[PDB]
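What follows is a set of notes on a single structure, which appears directly below.
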Amino acid sequence: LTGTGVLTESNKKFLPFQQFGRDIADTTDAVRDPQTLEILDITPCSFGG
Amino acid sequence: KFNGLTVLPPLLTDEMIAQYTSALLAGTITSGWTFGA
Amino acid sequence: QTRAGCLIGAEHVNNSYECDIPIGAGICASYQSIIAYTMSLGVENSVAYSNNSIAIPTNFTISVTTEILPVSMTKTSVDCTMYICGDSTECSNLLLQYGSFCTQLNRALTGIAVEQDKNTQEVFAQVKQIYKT
Amino acid sequence: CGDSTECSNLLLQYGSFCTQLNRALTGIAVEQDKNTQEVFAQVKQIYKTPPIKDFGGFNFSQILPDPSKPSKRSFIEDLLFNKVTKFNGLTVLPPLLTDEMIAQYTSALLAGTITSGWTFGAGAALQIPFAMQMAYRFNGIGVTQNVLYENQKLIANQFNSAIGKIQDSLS
Amino acid sequence: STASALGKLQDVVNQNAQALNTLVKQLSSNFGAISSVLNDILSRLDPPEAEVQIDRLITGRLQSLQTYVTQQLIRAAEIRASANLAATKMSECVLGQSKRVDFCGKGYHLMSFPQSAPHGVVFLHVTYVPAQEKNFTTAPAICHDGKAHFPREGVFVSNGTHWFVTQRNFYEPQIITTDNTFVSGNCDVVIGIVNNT
Amino acid sequence: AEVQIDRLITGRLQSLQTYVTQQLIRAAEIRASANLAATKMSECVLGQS
Ligand SMILES: *[C@@H]1O[C@H](CO)[C@@H](O[C@@H]2O[C@H](CO)[C@@H](O)[C@H](O)[C@H]2NC(C)=O)[C@H](O)[C@H]1NC(C)=O
Ligand SMILES: *[C@@H]1O[C@H](CO)[C@@H](O[C@@H]2O[C@H](CO)[C@@H](O)[C@H](O)[C@H]2NC(C)=O)[C@H](O)[C@H]1NC(C)=O
Ligand SMILES: *[C@@H]1O[C@H](CO)[C@@H](O[C@@H]2O[C@H](CO)[C@@H](O)[C@H](O)[C@H]2NC(C)=O)[C@H](O)[C@H]1NC(C)=O
Ligand SMILES: *[C@@H]1O[C@H](CO)[C@@H](O[C@@H]2O[C@H](CO)[C@@H](O)[C@H](O)[C@H]2NC(C)=O)[C@H](O)[C@H]1NC(C)=O
Ligand SMILES: *[C@@H]1O[C@H](CO)[C@@H](O[C@@H]2O[C@H](CO)[C@@H](O)[C@H](O)[C@H]2NC(C)=O)[C@H](O)[C@H]1NC(C)=O
Ligand SMILES: *[C@@H]1O[C@H](CO)[C@@H](O[C@@H]2O[C@H](CO)[C@@H](O)[C@H](O)[C@H]2NC(C)=O)[C@H](O)[C@H]1NC(C)=O
Ligand SMILES: *[C@@H]1O[C@H](CO)[C@@H](O[C@@H]2O[C@H](CO)[C@@H](O)[C@H](O)[C@H]2NC(C)=O)[C@H](O)[C@H]1NC(C)=O
Ligand SMILES: *[C@@H]1O[C@H](CO)[C@@H](O)[C@H](O)[C@H]1NC(C)=O
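Just so you know, the sequences run in chain order A, B, C, D, E and F. Count along the first sequence from 1, then add 542; that gives the number in the entry's author numbering. Count along the second sequence from 1, then add 850; that gives the number in the entry's author numbering. Note that the third sequence covers residues 641 to 672, 688 to 788 in the entry's author numbering. Note that the fourth sequence covers residues 740 to 824, 851 to 936 in the entry's author numbering. Count along the fifth sequence from 1, then add 936; that gives the number in the entry's author numbering. Count along the sixth sequence from 1, then add 985; that gives the number in the entry's author numbering.
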């Protein structure tokens, strides 16, 4: 799963068989690292005109 | 703001819209139609 | 069997009401077992017209009605290299040879964005001062 | 595609253009019924003219509906209707309101504007003789109601001649 | 209490949200390419044939964006027309009384009040409606001393035995007098003349 | 055959989109005309303008 963004800590709970989540329109929202098994949070870093 | 879409805020905030509405209402109650001409 | 096709599951009746679910060709359905019938335009009366008779009211009532009118929508702007390329050099290079397409899109979006604000301003700003009760 | 599995499978990965097209077509189809409803449905009740016809000398027989015809349409309506003049995945839906209901609305409006005047447009229809409604209507254009009562027959004759000329020109 | 009374604004908001949502959703489409993500086809194929897939994705996304822009233009035109009508109503019905029929509410217009709404305006119209009618009897003019009399402003009525002059929109009889009637000619041409004093 | 199928598909889709856009424009114009007609009926038939 490749992509850019800023990684923060998240309190969302994953069932022990998922690996990542998404909210709507099939856009990644949160991912779990395969080593420490914790739920992170992905936010697109700021941009604008 | 997900992948290049931006929503621009309106020029007029709701407070000034409410002030316009209040001014219109107070003008039409007190003076009638004379304040429009 | 109706003029718009056929209905299955609804039972025809001989009555007529101001219906709510349109079907077509005058036929329309309602719940009341689901039934289908012919819509009724309204109650029919005949005014007692003569040549030496009138009808003058003797009392009055005052009613307050409401109506709602939209005036504006959300102002949006869309980027291109972020959208159709997602920050990729090869995609940017390939897109570069399609002339100038995104400039027109940005121009149109900016035009409608300015139009929304002008529209709201012309709708609401009808007074020169700010009166107070 | 036209009943082709391969074409449908290939099209399945082109997104959701077709849903948008169908939604737009459905919206513009509903808009026509909305337009007809808002233009014609202007009266709460359905008025009908009394059997005895004496409107101070005016003759409305050519615009009032004729019960003899099965369609219950007047002469001018028939003239207009006569004047105005296969399956590949596209269909034509019938209008919600047929011609008879539209004719009934027009007849109700025309019968309510004769007996009552403009009263039925605000509250309940109020009866009034036609020769006095016309006198009221002259009073609204700067001409005193004196003028009508001395020139009733001439005005009626001019109106009848004008409507006959309109019918002849349309025919 | 009652909901669903603000359908227009809710419909506008829903249409905008749905259009944006489907525009975002269009990213995941394949458009006949190998994959819907650029990085996979970049790292899986060298440029000489990967450029074909890149071109297919680019043209598909461009077409989707163009369609979205056109739909936005159509909706903008519609909203502009609606708000022009709203501005005309604000100018004509709030800043003064209106004579045109059914422009502002049902019945005879009296006055109006504006209120704001998240993306629009709400007009409250105060009007006037008559009721409790009667029948009476009517004549167009009255012949006295051989000359015809017509009412200045009002209409002749009779409660069976006596004649009165009233106004059209309200019942208020008054005794017939020279001060509210005018004379014109003799009672020989009008059809409906009645004898009285 | 997929290349030919794709060519036919894209051509027909483009034609359909053009037709839909023309229909939208015509419907908007007809709606404006209908609004004008409704205003005329409300003003001139139910009263004196
Ligand atoms: C996978 O990740 C590491 C790999 O070594 C291990 O998890 C931690 O490993 C460090 C050092 O190896 C220990 O000090 C920690 O106590 C370990 N934590 C846990 C929770 O085991 C382990 O092999 C794997 N960890 C998980 C969570 O699967
Ligand atoms: C006014 O006079 C009429 C008769 O000239 C009364 O009778 C009404 O006549 C109409 C048409 O024939 C019917 O639809 C009504 O039902 C009749 N009313 C009855 C029978 O009570 C009429 O009632 C009188 N009053 C009014 C207010 O119209
Ligand atoms: C005109 O209508 C009003 C409202 O229906 C009448 O006022 C009512 O009169 C009754 C009987 O006197 C009272 O019990 C109600 O309380 C009144 N309502 C209000 C809101 O005050 C009025 O009487 C009617 N006019 C005539 C001449 O009958
Ligand atoms: C109103 O006009 C119609 C149309 O001219 C008149 O109907 C005609 O009546 C004459 C005499 O009976 C007939 O010879 C014609 O054939 C009729 N024409 C049609 C088209 O039917 C009607 O008589 C007029 N009514 C009044 C009261 O003058
Ligand atoms: C029609 O109205 C007139 C005007 O009021 C009535 O005339 C008077 O009526 C009152 C009470 O009804 C009597 O006390 C007076 O003596 C009447 N005066 C005259 C000069 O007539 C008349 O009664 C009314 N008629 C009807 C049928 O209601
Ligand atoms: C109002 O209509 C009635 C009904 O037609 C007219 O009364 C008729 O008048 C004529 C001419 O005097 C008589 O020959 C009839 O016998 C009358 N009929 C009835 C039933 O009385 C009345 O003249 C009309 N009012 C006008 C024209 O002012
Ligand atoms: C209104 O009064 C006038 C004047 O009295 C009437 O005119 C004459 O009335 C007398 C008596 O009835 C008749 O002998 C004459 O023939 C009438 N002359 C004319 C030219 O009509 C008139 O008839 C009365 N009208 C009504 C409706 O009562
Ligand atoms: C009434 O309904 C019956 C069947 O329910 C049908 O046969 C008939 O034509 C209808 N109309 C009349 C006038 O009976």
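For every residue, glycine included, the Cβ atom is placed at its ideal position computed from N, Cα and C.
Pick from the options that is closest to residue i, judged by C-alpha positions
i: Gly1121(E); options: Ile1111(E), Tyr1107(E), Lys1083(E); result: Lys1083(E)
i: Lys554(A); options: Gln577(A), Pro586(A), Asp571(A), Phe589(A); result: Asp571(A)
i: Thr788(C); options: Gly882(B), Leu875(B), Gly886(B), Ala887(B); result: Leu875(B)
i: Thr729(C); options: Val1058(E), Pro1050(E), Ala953(E), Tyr1107(E); result: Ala953(E)
i: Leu855(B); options: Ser688(C), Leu750(C), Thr731(C); result: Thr731(C)
i: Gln892(D); options: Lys1070(E), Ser1027(E), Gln1007(E), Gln1110(E); result: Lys1070(E)
i: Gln577(A); options: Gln561(A), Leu557(A), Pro586(A); result: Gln561(A)
i: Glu551(A); options: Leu579(A), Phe589(A), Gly590(A); result: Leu579(A)
i: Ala1067(E); options: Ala890(D), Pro894(D), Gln923(D); result: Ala890(D)
i: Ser1052(E); options: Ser881(B), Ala873(B), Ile867(B), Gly882(B); result: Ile867(B)
i: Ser708(C); options: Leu963(E), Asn1131(E), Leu945(E), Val1091(E); result: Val1091(E)
i: residue 1038(F); options: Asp742(D), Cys746(D), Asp805(D); result: Residue 1038(F) is absent from the structure shown; chain F starts at 986 and stops at 1034.
Listed by chain order, chain E residues near residue i by CB distance under 8 angstroms
i: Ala876(B); result: Residues of chain E passing the Cβ test: none, with the nearest at roughly 11 angstroms.
CB contact below 9 angstroms: residue i versus chain C
i: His1085(E); result: no
i: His1098(E); result: no
Residue i versus residue j: straight-line alpha-carbon distance, rounded
i: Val912(D); j: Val1126(E); result: 11 angstroms
i: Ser1048(E); j: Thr884(B); result: 15 angstroms
i: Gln641(C); j: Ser1018(E); result: 41 angstroms
i: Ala1023(F); j: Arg1011(E); result: 22 angstroms
i: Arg812(D); j: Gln999(F); result: 45 angstroms
i: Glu777(C); j: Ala768(C); result: 15 angstroms
i: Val823(D); j: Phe814(D); result: 15 angstroms
i: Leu956(E); j: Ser688(C); result: 41 angstroms
i: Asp817(D); j: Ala1077(E); result: 41 angstroms
i: residue 840(D); j: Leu1001(F); result: Along chain D, the last residue before the gap is 824 and the first after it is 851, so residue 840(D) carries no coordinates.
i: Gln759(C); j: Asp982(E); result: 33 angstroms
i: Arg992(E); j: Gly666(C); result: 49 angstroms
i: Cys740(C); j: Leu749(C); result: 10 angstroms
Neighbour flag for residue i against chain B, beta carbons, 9 angstroms
i: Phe1049(E); result: yes
i: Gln641(C); result: no
Min CB distance residue i to chain F below 9 angstroms
i: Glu816(D); result: no
i: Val1037(E); result: yes
i: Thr1006(E); result: yes
i: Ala1013(E); result: yes
i: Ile1010(E); result: yes
Contacts that residue i makes with chain B (C-beta to C-beta distance below 9 angstroms)
i: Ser1052(E); result: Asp864, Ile867, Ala868, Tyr870, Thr871
Proximal residues of chain E, C-beta to C-beta of residue i below 7 angstroms
i: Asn774(C); result: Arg1016, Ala1019
i: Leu858(B); result: Here the premise fails: no neighbours, minimum Cβ distance about 13 angstroms.
i: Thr546(A); result: The premise fails here: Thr546(A) is roughly 11 angstroms from chain E at the closest Cβ pair, so nothing lies under 7 angstroms.
CB contact below 9 angstroms: residue i versus chain D
i: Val702(C); result: yes
i: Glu1069(E); result: yes
Interface flag, residue i vs chain A, CB-CB below 9 angstroms
i: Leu1046(E); result: no
i: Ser964(E); result: yes
Beta carbon proximity, residue i to chain E, threshold 9 angstroms
i: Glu745(D); result: no
i: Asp571(A); result: no
i: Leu993(F); result: no
i: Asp568(A); result: yes
i: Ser1034(F); result: yes
i: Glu722(C); result: yes
Chain-ordered chain E contacts of residue i [CB-CB under 9 angstroms]
i: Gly907(D); result: Those do not exist, as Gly907(D) stays about 14 angstroms from chain E at its closest Cβ, beyond 9 angstroms.
Residues that residue i contacts on chain F, provided the C-beta gap is smaller than 7 angstroms
i: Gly943(E); result: Residues of chain F passing the Cβ test: none, with the nearest at roughly 18 angstroms.
i: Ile767(D); result: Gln1008, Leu1009, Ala1012
7 angstroms Cβ cut-off: residues of chain A touching residue i
i: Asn950(E); result: The premise fails here: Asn950(E) is roughly 15 angstroms from chain A at the closest Cβ pair, so nothing lies under 7 angstroms.
Listed by chain order, chain C residues near residue i by CB distance under 7 angstroms
i: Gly882(B); result: The premise fails here: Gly882(B) is roughly 12 angstroms from chain C at the closest Cβ pair, so nothing lies under 7 angstroms.
Per-residue contacts from residue i into chain C (C-beta, under 9 angstroms)
i: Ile920(D); result: Per Cβ cutoff of 9 angstroms: no residues; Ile920(D) is ~17 angstroms from chain C at best.
Listed by chain order, chain B residues near residue i by CB distance under 8 angstroms
i: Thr729(C); result: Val857
Contact list for residue i against chain D, beta-carbon separation under 9 angstroms
i: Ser708(C); result: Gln892, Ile893, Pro894
Checklist entry - Going along the region 965-980 of chain E in order, which residues come within less than 8 angstroms of chain D, judged by CB to CB distance? => result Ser965, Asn966, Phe967, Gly968
Checklist entry - Of all the residues that make up the region 785-803 of chain D, which are near chain E by a beta-carbon distance shorter than 8 angstroms? => result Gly795
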